[PDB]
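One structure is given below, encoded as structure tokens.
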Amino acid sequence: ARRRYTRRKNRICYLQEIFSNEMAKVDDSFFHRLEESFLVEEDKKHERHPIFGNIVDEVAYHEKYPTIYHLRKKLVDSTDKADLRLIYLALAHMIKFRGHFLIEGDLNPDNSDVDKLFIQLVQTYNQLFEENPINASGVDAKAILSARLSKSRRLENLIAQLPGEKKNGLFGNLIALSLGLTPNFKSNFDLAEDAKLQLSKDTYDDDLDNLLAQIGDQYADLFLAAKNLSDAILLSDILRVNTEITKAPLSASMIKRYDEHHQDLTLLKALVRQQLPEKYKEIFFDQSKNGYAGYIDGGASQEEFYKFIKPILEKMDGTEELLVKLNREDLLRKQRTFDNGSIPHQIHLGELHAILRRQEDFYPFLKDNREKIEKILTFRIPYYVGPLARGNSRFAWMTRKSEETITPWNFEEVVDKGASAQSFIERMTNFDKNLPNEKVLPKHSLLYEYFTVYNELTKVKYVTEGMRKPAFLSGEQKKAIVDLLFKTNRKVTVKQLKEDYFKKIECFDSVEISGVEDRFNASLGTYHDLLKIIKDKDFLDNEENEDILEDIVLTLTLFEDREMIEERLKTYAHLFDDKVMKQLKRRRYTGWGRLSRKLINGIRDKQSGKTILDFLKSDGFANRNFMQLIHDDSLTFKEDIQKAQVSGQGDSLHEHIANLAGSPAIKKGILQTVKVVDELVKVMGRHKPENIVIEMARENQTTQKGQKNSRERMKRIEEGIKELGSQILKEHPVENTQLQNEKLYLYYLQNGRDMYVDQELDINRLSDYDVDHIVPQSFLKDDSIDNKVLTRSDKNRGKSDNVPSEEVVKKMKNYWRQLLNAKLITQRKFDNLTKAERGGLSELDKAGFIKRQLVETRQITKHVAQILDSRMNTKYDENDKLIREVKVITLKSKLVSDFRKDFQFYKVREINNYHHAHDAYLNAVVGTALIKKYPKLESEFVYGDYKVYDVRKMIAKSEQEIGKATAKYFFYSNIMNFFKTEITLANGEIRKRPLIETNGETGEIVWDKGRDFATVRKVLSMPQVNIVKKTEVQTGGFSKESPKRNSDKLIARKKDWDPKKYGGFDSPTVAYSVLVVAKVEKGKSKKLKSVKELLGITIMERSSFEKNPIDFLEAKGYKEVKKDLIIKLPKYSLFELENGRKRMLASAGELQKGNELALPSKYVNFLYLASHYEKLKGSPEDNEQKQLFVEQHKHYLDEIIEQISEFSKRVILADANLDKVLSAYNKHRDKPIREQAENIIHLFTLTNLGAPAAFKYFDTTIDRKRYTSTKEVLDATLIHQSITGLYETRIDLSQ
RNA sequence: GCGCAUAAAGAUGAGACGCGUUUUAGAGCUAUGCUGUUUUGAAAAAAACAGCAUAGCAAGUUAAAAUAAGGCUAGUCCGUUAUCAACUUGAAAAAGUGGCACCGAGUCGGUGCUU
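The structure is reproduced here in structure tokens:
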């Protein structure tokens, strides 16, 4: 934003410098008046009227030119010598609002009507195809393509106008291309490969040449007709019927807007004064009622204005036209509105050239520098250049050929565009992990494709019908495979390799591949692209040409601009024809591989003398894979990759964390946990612990679900409808290229039937149909298919603030179950569709989490695992392997969760933050006991190191659970049930478990089922748990970004701009509060009394205060200031007063609750079971006993009420609010136990640590109790604090 | 444990476009009434001179300023975000700093050695 404003201002400044000498001849203090335009007449240096200075001429300008567009159109058409100031105003106004540069080239005002160009389009389509010429048949195009709605929705009606032509058809695709959609002509022109075009992209010209040369010189005028059609379709609201009236279509259209505004204004005034004369004072005077005063002088928008006046209009018998204009959205529209984001810069450039050409016959200087001004308007900084810095920006990369201030005329000379784009892309590409200082080859390298092909073919094992044992394909065999099939087709399926090679060359009756499934992963696409472009196989097949090939790929990847690619390849223009040079430069590639060139064919092996590519291409008897090649002491590769870099280089205990990859959201958390761990080892005897157990977010899903969610769209759809038996695919077949639209994917997901209405959806109104969320966006933000459903209209869902009403579930349950058996919707989707009848959505299901926090947790766990793996284990053994004094153990979330669930040790997080420390304790105990219990399976849990321990051989059943997923879950249940007291198996029968369950081979008691659970019970019931919030200084924006007032809270917007006479900012964010003690004057006698208080240091003030503190305090209005009594107090500074009542410094004028109600485990588990938190599924018997236990212990309710009352009267000072709570509980004492439990749970947020926020108990809105006075902190107990809350330093604030 | 195909996601950094905000310029008016009023004077009365109030009206679209205060590094550059516990050194970086056998456990209390 800052750079934007500065560069625009400088462009205006450029035009001013160009006009400097002449403006001085016209008006000496013109620019002075323009720079002081903000100032009032009382403080204006020169005249308040900008242009002429006097009053009358300004009034004359406002008369003859109501808008700027009247002067615009006037200067564009007329060739008369106008005043220089007006010319300057027009040009500067054009520069100040240039327009978008989204459309490359130029749109010379052609027909400027959809009708003519559409007729030309139909003419081209009829002359092109005599197979089926399609006419427009008199469809009004300039209303069917200019309607204010979706482009695809416009395509729907457009293709509906002519029956018999499908939307993917050549006519439908062409009118989709005119609308800015993404059509395709692979089925229209019957091209062998896919080839889609789009007008918006800048590669459209090269793609056009590509597709045209692939199909011939025949169909080409149709796309330029569509181009000018789009040029005429952009100005829908700004349509000026004829292009010959002026050369400024936009300006005359704006004049039309002004006119319609005036007409509808006088109209509305007359009509109101006629029918409702009492309402005129509200529409046209009240600015805070969305009337015309609120629309114009007020802050109301066009939508709010229309919504406000629509019932006022329709409640009058007249107006007629105003209702139509409201629906057509062109009622009293202004000129500077919201819809101008579509305006391209080309029309402003056109009007500029017209004004210049019409005024260059008088003044010589603008006739001399008209191309300079055109360069000013046309200038656009390339994205690959970046900041135009002179070495003073950490974001720049641009290299200066010279050292001048870069201007739009010498831009091409000062800026090395080549080196700037080069440095732009190289700074983003990664390096090889094996070879750190070396870069990486592009993604289209022929050597790299040969690498992945040979690597994927080193395990394609061949089994002959007569062969006795499987043997991998030999070196010559691989080359045979490549040359016969992998070099002929784009991608070869395993079935194709089996049928088209083995039977033709080896003539084997049957093949048996044990290396690749379904189809081959690797391919040789670049080879086929080159052979189709350069049409010379010999160059790509030649081994000597590989350096030229790698450089060509490098050029086509590093650059995109046709001129740049053409310049980089002028040295290679002798090997291919100029037309071939055009086709190659037209083609451009994106992406980069993962490995270097020196790794593939640079690094040779000592024993062999061949490279990695050769070993993958041929290794003889044992065609070893990449991992076997690298991890082989017999070769030299392992030795030479180890010379990489140095991990133990200069990285402090900080820095290294801020040197990590990813988002900064993770770095904070990481720094916190690592410093916590360091303190933990530092406290307990300054020696390393036995074990360290951590929790990882990686859990083991089943094979069926993991393949069902990752089932590619055509796979899941085809299998789904085939299992269902419906013929929706035979009626409308589409591939995944045009399937990326939301509602179409949803349409094919629901088998052409609405999930609510149980009716057939139609391909016409696709964007008109509503996509509805199962759970509303008020609760959670979800865009995934698990929450969305395509419906005809969103009013059939039921309620707008909850999961679909019972009318739809009890009417669509059969359809949802039939969609569940067809494998179309997932189990979670059906559960959400069926959650309505399960209880709907309670207020407990707030669900504030966002998926990014999930992948963020995965990120922080993956990073910490490899940070901790190297920070705790430092020494190495005698065989060069790290000594693991501390083991980092990774416990899955499922085990600890089930451990809390299967032993009545439930957790309700919202009471306090003790459940985290409880989880930590449970992870530690479960981890150490588990690893002591079974050391043969202990290798799977520790971070880093691992034993082979193949799960296939563990449970090699007839079932074949293997393939890990199913096997890992069955193995997980098998090892997890051994810790329990009674073992019930899903495998077959039972066995009672020993209360100790120690392992005979270890001979050590691993767990006591009678006393360790009691220590868990105690820990879960322990009152003292160290919960500490990080006292951090607030940083950031100076204040809230949102008139003049007589208050001191206003902040001067500029230096000399007084907020009392100009208006200013408000609500400054206090960075950190400062405790001061001095003397100020008091009373009429102005006595210096000793005072102490909290001073608010805002973010803007922080630098100025931290520089000279004493001078700042003396400037504030203090006398005799204690220099040694200036305490810097961040937010959340802990303070304690009476009966363990703690308060945290929320601000310089607000505090926070600092105490937690230490409640025993019994009430917690009771609340869990009573409020019905997880539907407590198991065997019905124990569920019914627990239900009985809920009905019996109904006194726990009143006991909780007592607990809250004492804690609130002791700390919270909840008084009147607490009374309202008690009254609500007495009023609702008759309500069922579950609801009262849920609402008791609701009440805990009042006792939560930190800021006080509002909540509800039933219907009783319980607001927040803010602490508006910070006087009591001044004589409290300062608690200067430490990271585990163990080292408490207390300060009695009495000094 | 990588080379890989499909379908997604994130993150980064540039380049630009729509407003908006608040000021000023939109030279808005009419009548009536009020006082001070050079006022014709010795006063009265305004031309209400000055404002005030009452009503009634009328237009109303846009132009300009800046857009974190600002900074200097004067660049067409920087400045809203990571990055801050207490504490002693050390310019900073960085380092160090608070025990433990045992009994209880209300925001913890003791205890052997013993800080």
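Under the entry's author numbering, the residues of the first sequence are numbered 68 to 1109, 1112 to 1364, in order. By construction, the Cβ of each residue, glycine as well, lies at the ideal position given by its N, Cα and C atoms.
Would you give the residue range spanned by the alpha helix (DSSP H) that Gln1350 belongs to? Along the first sequence, one-based indexing puts residue 1350 at 1281. That residue, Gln1350, is in no alpha helix (DSSP H); its beta strand (DSSP E) goes 1346-1350.
Going straight from the alpha carbon of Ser469 to that of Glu480, what length do you get? Along the first sequence, one-based indexing puts residue 469 at 402. Along the first sequence, one-based indexing puts residue 480 at 413. Put simply, the backbone Cα of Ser469 is about 8 Å away from that of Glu480.
Below 8 Å on the Cβ atoms is my guess for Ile79 versus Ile162; work out the distance and round it to an integer in Å. For this step, residue 79 is matched to residue 12 along the first sequence. For this step, residue 162 is matched to residue 95 along the first sequence. Rounded to whole angstroms, the Cβ separation of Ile79 and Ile162 is 6 Å, and the two are in contact under 8 Å.
So what does DSSP say about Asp1361, is it helix, strand or coil? Start at 1 with the first residue of the first sequence, and residue 1361 comes out as number 1292. Reduced to three states, the DSSP call for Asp1361 is strand.
Neighbourhood of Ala1034 by C-beta, 8 Å cutoff - its chain only, sequence neighbours within 5 removed: The sequence position of residue 1034 within the first sequence is 967, counting from 1. Taken in chain order, the residues that qualify are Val1018, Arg1019, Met1021, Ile1022, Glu1028.
Under a Cβ-count criterion, where at least 16 other Cβ atoms within 10 Å of its own Cβ denotes burial, should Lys918 be classed as buried or exposed? Here residue 918 corresponds to residue number 851 of the first sequence, with the count starting at 1. The residue is exposed, with fewer than 16 neighbouring Cβ atoms inside 10 Å.
Between which two residues does the beta strand (DSSP E) containing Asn758 stretch? Here residue 758 refers to the residue found at position 691 of the first sequence. 758-763 is the span of the beta strand (DSSP E), which, as asked, contains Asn758.
What does the alpha-carbon distance come out to for the pair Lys562 and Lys684? Taking the first residue of the first sequence as 1, we reach residue 562 at position 495. Taking the first residue of the first sequence as 1, we reach residue 684 at position 617. Cα-Cα distance, rounded: 22 Å.
Give the secondary structure of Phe446 by DSSP, where H, G and I count as helix, E and B as strand, and everything else as coil. To locate residue 446, count along the first sequence from 1; it is residue 379. In the structure shown, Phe446 adopts coil according to DSSP, grouped into three states.
Can you give, in chain order, each stretch of the alpha helix (DSSP H) that sits fully within the region 587-634 and has at least 4 residues? DSSP runs (the alpha helix (DSSP H)) wholly in the region 587-634: 592-600, 604-608, 613-625.
Less than 8 Å between the C-beta atoms of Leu502 and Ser663, yes or no? In the first sequence, the residue the question calls residue 502 occupies position 435. In the first sequence, the residue the question calls residue 663 occupies position 596. Cβ atoms of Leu502 and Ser663: closer than 8 Å.
Is the region 1170-1184 touching the region 1139-1147, taking contact as three or more C-beta pairs under 8 Å? Proximity of the region 1170-1184 to the region 1139-1147 meets the contact definition, three or more beta-carbon pairs being nearer than 8 Å.
Does the distance between the C-beta of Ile154 and the nearest non-hydrogen atom of the ligand ADP fall short of 7 Å? Inclusion of the ligand ADP in the displayed structure is not the case, the ligand content being empty and no account of it being possible.
Spell out a yes or no on whether the region 800-810 and the region 897-911 are touching, meaning 3 or more CB-CB pairs, one atom from each, closer than 8 Å. Fewer than three pairs of CB atoms, one per stretch, sit closer than 8 Å, so the region 800-810 makes no contact with the region 897-911.
Using only CA atoms, which one of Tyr812, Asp837, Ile830, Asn831 lies nearest to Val824? Taking the first sequence and counting its residues from 1, one reaches residue 824 at position 757. Taking the Cα of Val824 as reference, the smallest distance to any Cα among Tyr812, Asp837, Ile830, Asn831 is reached at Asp837.
Could you tell me if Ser179 is buried or exposed, where buried requires 16 or more neighbouring beta carbons within 10 angstroms of its beta carbon? The residue labelled residue 179 in the question sits at position 112 within the first sequence. Buried: at least 16 other Cβ atoms inside 10 Å.
Residue closest to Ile1196, alpha-carbon to alpha-carbon, out of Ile1348, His511, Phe1324: In the first sequence, the residue the question calls residue 1196 occupies position 1127. It is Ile1348 whose Cα lies nearest to the Cα of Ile1196.
How many angstroms separate the CA atom of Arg400 from the CA atom of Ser245? What you label residue 400 is simply residue 333 of the first sequence in a count that begins at 1. What you label residue 245 is simply residue 178 of the first sequence in a count that begins at 1. The alpha-carbon atoms of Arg400 and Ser245 are separated by roughly 27 Å.
Report the option in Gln83, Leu419, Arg1333, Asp274 whose CA atom is closest to the CA atom of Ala315. Along the first sequence, read from residue 1 onward, the residue named residue 315 stands at position 248. The candidate whose alpha carbon is nearest that of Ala315 is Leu419.
So, does the region 1196-1209 touch the region 1141-1160, judging by three or more C-beta pairs under 8 Å? The region 1196-1209 and the region 1141-1160 touch, with no fewer than 3 CB-CB distances between them shorter than 8 Å.
Out of curiosity, what's the CA-to-CA distance linking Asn609 and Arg951? Numbered from its first residue, the first sequence carries residue 609 at position 542. Numbered from its first residue, the first sequence carries residue 951 at position 884. Looking at the two C-alpha atoms, the distance is approximately 52 Å.
Say whether the region 678-698 touches the region 514-527, bearing in mind that this needs 3 or more beta-carbon pairs closer than 8 Å, one atom from each stretch. Yes, the region 678-698 is in contact with the region 514-527.
Could you give the distance in angstroms between the alpha-carbon of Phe569 and the alpha-carbon of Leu264? As a working note, residue 569 is residue 502 in the first sequence. As a working note, residue 264 is residue 197 in the first sequence. Computed Cα separation, rounded: 40 Å.
State the Cα-Cα distance for the pair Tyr1187 and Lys1148, rounded to the nearest angstrom. For the purposes of this step, residue 1187 is taken as residue 1118 along the first sequence, with counting starting at 1. For the purposes of this step, residue 1148 is taken as residue 1079 along the first sequence, with counting starting at 1. Near 6 Å, if we compare the C-alpha coordinates of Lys1148 and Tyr1187.
Would a C-beta distance cut-off of 8 Å place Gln817 and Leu857 closer than the cut-off? Working through the first sequence from its first residue, we reach residue 817 at position 750. Working through the first sequence from its first residue, we reach residue 857 at position 790. Going by beta carbons, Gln817 and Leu857 fall inside the 8 Å limit.
In the DSSP output, which residue or residues are listed as bridge partners for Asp1135? Indexing the first sequence from 1 puts residue 1135 at position 1066. Answer is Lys1107.
Could you check whether the region 479-498 touches the region 84-98, counting it as contact only if at least three pairs of C-beta atoms, one from each stretch, sit closer than 8 Å? No contact exists between the region 479-498 and the region 84-98.
Excluding the 5 residues preceding and the 5 following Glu223 in the sequence, name in chain order all residues of the same chain whose CB lies nearer than 6 Å to its CB. On the first sequence, residue 223 is found 156 positions in, with the first residue counted as 1. By the criterion of a C-beta distance shorter than 6 Å, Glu223 is surrounded in its chain by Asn831, once the five residues flanking it on both sides are discounted.
Just the C-alpha distance for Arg307 and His167, rounded to the nearest angstrom, thanks. For this step, residue 307 is matched to residue 240 along the first sequence. For this step, residue 167 is matched to residue 100 along the first sequence. Their Cα atoms are separated by approximately 20 Å.
May I have a chain-ordered list of the alpha helix (DSSP H) segments no shorter than 4 residues that lie completely inside the region 171-203? Residue ranges of uninterrupted alpha helix (DSSP H) with 4 or more members, entirely inside the region 171-203 and ordered along the chain, are 181-195.
Which same chain residues, not among the five before or five after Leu296, have their C-beta less than 6 Å away from its C-beta? Against the first sequence, residue 296 aligns to sequence position 229. Closer than 6 Å at the Cβ level, and outside the excluded window around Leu296, lie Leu184, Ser245.
Going by CA-CA distance only, name the one from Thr593, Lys602, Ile600 that's closest to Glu613. If you number the first sequence from 1, residue 613 lands on position 546. It is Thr593 whose Cα lies nearest to the Cα of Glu613.
At the level of alpha carbons, what is the spacing between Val876 and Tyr815? The count along the first sequence starts at 1 and reaches residue 876 at position 809. The count along the first sequence starts at 1 and reaches residue 815 at position 748. Within the model, the alpha-carbon separation for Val876 versus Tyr815 is close to 21 Å.
Check whether the region 453-460 touches the region 105-114, counting contact only when three or more Cβ pairs, one atom from each stretch, lie closer than 8 Å. Too few Cβ pairs lie closer than 8 Å, so no.
Nearest-angstrom beta carbon gap, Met751 and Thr928 [assumed within contact, 8 Å]: For the purposes of this step, residue 928 is identified with residue 861 of the first sequence, where counting begins at 1. For the purposes of this step, residue 751 is identified with residue 684 of the first sequence, where counting begins at 1. So it is not a contact: roughly 24 Å between Cβ atoms.
If you reduce the DSSP assignment to three classes, tell me which class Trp883 lands in. Taking the first residue of the first sequence as position 1, residue 883 is located at position 816. The three-state reading of DSSP puts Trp883 in helix, counting H, G and I together.
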